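S.K.: I am attaching a structure below and will ask some questions about it afterwards.
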Amino acid sequence: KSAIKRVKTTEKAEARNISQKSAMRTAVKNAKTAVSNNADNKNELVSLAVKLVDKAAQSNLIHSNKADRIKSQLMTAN
Amino acid sequence: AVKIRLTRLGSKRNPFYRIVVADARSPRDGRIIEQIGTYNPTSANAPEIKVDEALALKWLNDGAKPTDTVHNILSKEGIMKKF
Amino acid sequence: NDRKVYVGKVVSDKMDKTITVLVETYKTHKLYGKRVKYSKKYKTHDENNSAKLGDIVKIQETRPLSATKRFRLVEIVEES
Amino acid sequence: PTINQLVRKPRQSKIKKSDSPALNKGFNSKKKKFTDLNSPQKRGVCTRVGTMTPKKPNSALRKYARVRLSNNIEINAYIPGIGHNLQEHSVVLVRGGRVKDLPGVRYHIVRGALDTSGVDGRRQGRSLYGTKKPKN
RNA sequence: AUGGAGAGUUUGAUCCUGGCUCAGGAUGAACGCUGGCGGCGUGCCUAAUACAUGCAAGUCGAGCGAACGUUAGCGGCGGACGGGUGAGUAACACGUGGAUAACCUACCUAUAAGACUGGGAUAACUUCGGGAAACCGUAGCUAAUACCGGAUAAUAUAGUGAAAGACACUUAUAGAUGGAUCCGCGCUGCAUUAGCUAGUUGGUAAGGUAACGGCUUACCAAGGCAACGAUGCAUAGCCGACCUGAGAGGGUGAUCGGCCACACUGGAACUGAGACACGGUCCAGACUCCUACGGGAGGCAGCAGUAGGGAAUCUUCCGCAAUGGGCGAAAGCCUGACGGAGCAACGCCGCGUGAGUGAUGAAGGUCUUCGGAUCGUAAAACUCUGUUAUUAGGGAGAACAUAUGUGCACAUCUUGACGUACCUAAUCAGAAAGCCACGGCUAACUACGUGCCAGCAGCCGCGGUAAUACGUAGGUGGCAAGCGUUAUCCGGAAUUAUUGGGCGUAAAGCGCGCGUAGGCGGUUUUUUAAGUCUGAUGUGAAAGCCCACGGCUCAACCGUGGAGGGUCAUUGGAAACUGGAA
Ligand SMILES: [Mg+2]
Ligand SMILES: [Mg+2]
Ligand SMILES: [Mg+2]
Ligand SMILES: [Mg+2]
Ligand SMILES: [Mg+2]
Ligand SMILES: [Mg+2]
Ligand SMILES: [Mg+2]
Ligand SMILES: [Mg+2]
Ligand SMILES: [Mg+2]
Ligand SMILES: [Mg+2]
Numbered sequence: 005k006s007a008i009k010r011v012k013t014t015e016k017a018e019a020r021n022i023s024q025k026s027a028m029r030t031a032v033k034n035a036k037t038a039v040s041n042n043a044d045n046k047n048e049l050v051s052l053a054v055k056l057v058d059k060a061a062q063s064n065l066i067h068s069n070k071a072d073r074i075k076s077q078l079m080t081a082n
Numbered sequence: 002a003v004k005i006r007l008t009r010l011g012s013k014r015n016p017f018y019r020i021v022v023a024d025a026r027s028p029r030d031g032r033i034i035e036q037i038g039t040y041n042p043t044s045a046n047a048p049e050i051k052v053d054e055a056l057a058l059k060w061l062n063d064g065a066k067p068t069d070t071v072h073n074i075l076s077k078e079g080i081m082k083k084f
Numbered sequence: 005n006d007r008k009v010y011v012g013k014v015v016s017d018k019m020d021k022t023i024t025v026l027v028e029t030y031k032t033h034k035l036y037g038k039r040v041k042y043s044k045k046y047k048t049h050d051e052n053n054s055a056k057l058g059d060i061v062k063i064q065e066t067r068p069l070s071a072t073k074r075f076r077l078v079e080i081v082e083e084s
Numbered sequence: 002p003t004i005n006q007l008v009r010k011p012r013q014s015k016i017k018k019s020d021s022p023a024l025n026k027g028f029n030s031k032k033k034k035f036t037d038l039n040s041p042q043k044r045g046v047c048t049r050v051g052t053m054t055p056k057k058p059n060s061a062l063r064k065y066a067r068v069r070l071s072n073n074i075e076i077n078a079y080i081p082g083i084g085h086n087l088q089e090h091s092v093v094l095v096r097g098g099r100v101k102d103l104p105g106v107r108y109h110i111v112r113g114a115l116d117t118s119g120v121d122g123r124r125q126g127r128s129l130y131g132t133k134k135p136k137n
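Chains as they are written, first to last, in the authors' numbering: chain SA, 5 to 82; chain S7, 2 to 84; chain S8, 5 to 84; chain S3, 2 to 137.
This is the structure in structure tokens:
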């Protein structure tokens, strides 16, 4: 019956987390969009996504080689 | 996580002990990494100190821990401050 | 630490690197002691190296990179 | 035979016809399936008694029963005893071993078995066919 | 070499093939009818059926919200390891042997190092309101080693962290540590199951995962599997081991360890290093009760218990003293993990319900033709003994630190549930009894009622009037706290015959051709090295069997070093025979 504290810690945990991960998938969404848009984000947006996978990488909410597949899927597109 | 075995071998009503490199979550008679000797805990033995610790010298020299109040047998040895 | 080194013939080949490798081997039977022979049909991939009816060449096992082929060598010696 | 036709179709041991074939199996209540148990004894309730006569070299006339066991494998089992029991709808405990010369019995009834404790006018049998009152 | 035996039964008699039954060991055994001891190991195998009822992982405020060294709740870890059962699985699930130029990891401890600047917010708290309570929201706060912004730092082709003792937290290289995937060989029965497969088998991408990949979709195409038994049904968790066997072999899988798979049944994710999670959440379904019926609950395959079914397998038990297991600086802490007593004769053994005598010795049983043998030196009634019974001191496993002196190491003060055990010392006669047989296999013989009847039966078979085979009696034989019976396996069985059988008449030759797949091959000379022979390694854990040794009053039982752990793995090596090629 120690779990009845653990019912609402994890709820607050992923309840906070899925917004940050959704902003991680949204923050990377416009980047490879922007290199093929011929837009003004040939800079200043890929480093935003590098901040997103970096700040996500400091938490355990995404694995290391996953972020290597974002970085290896974005800067290698330059 | 690696520790040193003190398991309940022997005849019942006579709790013995065997000294081996164990793990903190595997049980007493569980999976054994390597042997580290034994000791006659019978309290009816004159010659008892059985730790040929050159095959157990790698344990505390690579990240061991003391075991679960067996520290007076760790007192009759002396392997520390050598490094 | 090295790969496998098995040698042996083929049956045929089709398009896209279907380098199947027939291997023949001996074994005793477990009781009667007769020398019984049996085969095994293997797989590996290359560009255009082999053809049908005789392409005995060594193979060497590697990371899988297929659904059945787990050998990465087509190093050729004997053929038709 | 030569070896090539002997590594091809290998040896194949003889079947084991087993004594007490009407046993070893428990037909389940919920799941309604035969099983395998290899059980020494089984219960059962009785239906008839009767007595057929002929045993062609033996020529006396002896009784029998038709017990049927747990989950209705009906059987014919032989009652040991000079006397008998007085009970239809019994709770027997049957026992293997074929009393011969009767065509159609392979089974005993252990005397006692919480239905009838045997015959009272027998002293030196003392475990067979249900006696008592010995202090030997 | 410490290593193997047979008998009965087909006929008026004899050989010979052939079955059938015994004599030996076994066990997670039961049932009858009689029962007193001690030292251990073990107890729903049929229902992975349903759980009335109480109990099986909880700890911690020197970091910060209440009274006079006692409380919160944060949060920090921990519930992914212990424990439990075999339902499913004929599979890279296991067993053995390798591979990572496919890969992961905090908790422990090597280094090389940091904690800068803040700011915002929220539980508790109170208050309101509604609902027999259950569920909840509002209102105003306030914290915190709980969140979060910017600062400058490796590991991507240029990038982020720190809130604690005094005078602890985090960022990298590491080790060990646990994982994950693939590969060669080894994995039961059915041919009265012979055609399977369609993202099925390859390619290029696009993704996605810790990681390659038909793992998923976009096209391109044609494949891939199989008489070296694919697919299908049925049954089965594997293994070092255990039982048997002279050996080859055959049969098992609960104890005790390795590894899977599973937790009312099905799915899918969450936090987390690590679960698609037994004592968690969400969904649908079937059980199950509380019931202002308004909604709201749980999972015995964790200990004991009831109902069931069973041939049958039990305390609704006590305690952390030890061992380890978590937490907490440290005491302390929760533990049906574990340690003990229940309870059963369930096996294994270790003793003793009596002792020196004691004239045919007996009154009374049986044989009797009785004259005498038998129980029988049995018995008395002398002489002999504590094992059981009233009291005793009854005190083996039983250790190790949060300190001070020296420079995490030494000596020196801190901890018992079962409290029976070992003990000694008076000294009783308290039931070592009962089972089964007695014609031969196979030691065990006489009388009485009984007359093919009632009845024994492993096998041949015994009783139709005098049965040593029925039922008693007496005596004898084997047993031993049991005996005997039914049930399963092995040998005997060379009755599945590789060691180690046969096919004329006994069971057994296709009706006889021509023939592919497969099996085997004359003579010689060369080279090779797959089978072959050999030796240097790495390995087949430990507990157990085999002998040696210490200890248990010897015994059952325990610890020590070795056979010894099989077909294997890589190179050295020899080339007579089988391949392989001239
Ligand atoms: Mg005849
Ligand atoms: Mg159930
Ligand atoms: Mg069981
Ligand atoms: Mg019942
Ligand atoms: Mg006898
Ligand atoms: Mg009789
Ligand atoms: Mg013959
Ligand atoms: Mg011909
Ligand atoms: Mg031919
Ligand atoms: Mg060596």
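No residue lacks a Cβ here, since even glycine has one placed at the ideal position from N, Cα and C.
1) Which residues in the same chain as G82 (chain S3) place their Cβ atom closer than 8 Å to its Cβ, once the five residues preceding and following it in sequence are excluded?
2) Quick check: is the beta carbon of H33 (chain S8) nearer than 8 Å to any beta carbon in chain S3?
3) Any idea if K73 (chain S8) is buried or exposed, counting beta-carbon neighbours within 10 angstroms, 16 or more meaning buried?
4) Check for me: the beta strand (DSSP E) holding residue 85 (chain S7) runs from which residue to which?
5) Measuring only between beta-carbons, confirm whether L103 (chain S3) sits less than 8 Å from chain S8.
6) Tell me the residue span of the alpha helix (DSSP H) that contains residue 2 (chain SA).
7) For the stretch 17 to 45 of chain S8, enumerate the residues whose C-beta is nearer than 9 Å to any C-beta of chain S3, in chain order.
8) What are the start and end residues of the alpha helix (DSSP H) that includes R20 (chain SA)?
9) Taking Cβ-Cβ distances shorter than 8 Å, what residues in chain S8 pair up with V8 (chain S3)?
10) Could you have a look at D58 (chain SA) and say whether DSSP puts it in helix, strand or coil?
11) Quick one: residues in its chain with C-beta nearer than 8 Å to the C-beta of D24 (chain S7), no 5 flanking neighbours on either side, listed in chain order?
12) For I80 (chain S7), name the three-state secondary structure that DSSP assigns.
13) What residue does the beta strand (DSSP E) around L26 (chain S8) start on, and which one ends it?
14) Distance cutoff 8 Å, beta carbons only. Does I4 (chain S3) sit that close to anything in chain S8?
15) Return helix, strand or coil for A43 (chain SA), following the three-state DSSP convention.
16) On a CA-only basis, which of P104 (chain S3), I110 (chain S3) and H90 (chain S3) is nearest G97 (chain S3)? Give me that one, please.
17) Start and end of the beta strand (DSSP E) containing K134 (chain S3)?
18) Just to confirm before moving on: does the CB-CB distance between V50 (chain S3) and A78 (chain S3) stay below 8 Å?
19) How far does the beta strand (DSSP E) with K45 (chain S8) in it extend, from its first residue to its last?
20) How many angstroms separate the CA atom of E82 (chain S8) from the CA atom of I63 (chain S8)?
21) Count the other C-beta atoms from every protein chain shown that fall within 10 angstroms of the C-beta of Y65 (chain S3), then say buried if there are 16 or more, exposed otherwise.
22) Between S70 (chain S8) and the rest of its own chain, which residues show a CB-CB distance below 8 Å, the 5 nearest in sequence each way excluded?
23) Return the residue from the list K41 (chain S8), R76 (chain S8) and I80 (chain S8) that minimises the CA-CA distance to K8 (chain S8).
24) What do you reckon, are the CB atoms on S43 (chain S8) and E28 (chain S8) nearer than 8 Å?
M.R.: Let me lay it out:
1) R112, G119, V120, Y130 and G131
2) yes
3) buried
4) Outside the displayed range of chain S7 (2 to 84) lies residue 85 (chain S7), so it cannot be described from this structure.
5) no
6) Limits of chain SA in this structure are 5 at one end and 82 at the other, which puts residue 2 (chain SA) out of reach.
7) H33, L35, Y36, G37, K38 and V40
8) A7 to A31
9) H33, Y36, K38 and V40
10) helix
11) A2, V3, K4, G31, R32 and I34
12) coil
13) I23 to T32
14) yes
15) coil
16) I110 (chain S3)
17) Per DSSP, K134 (chain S3) belongs to no beta strand (DSSP E) and is neither H nor E.
18) no
19) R39 to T48
20) 13 Å
21) buried
22) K47 and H49
23) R76 (chain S8)
24) yes
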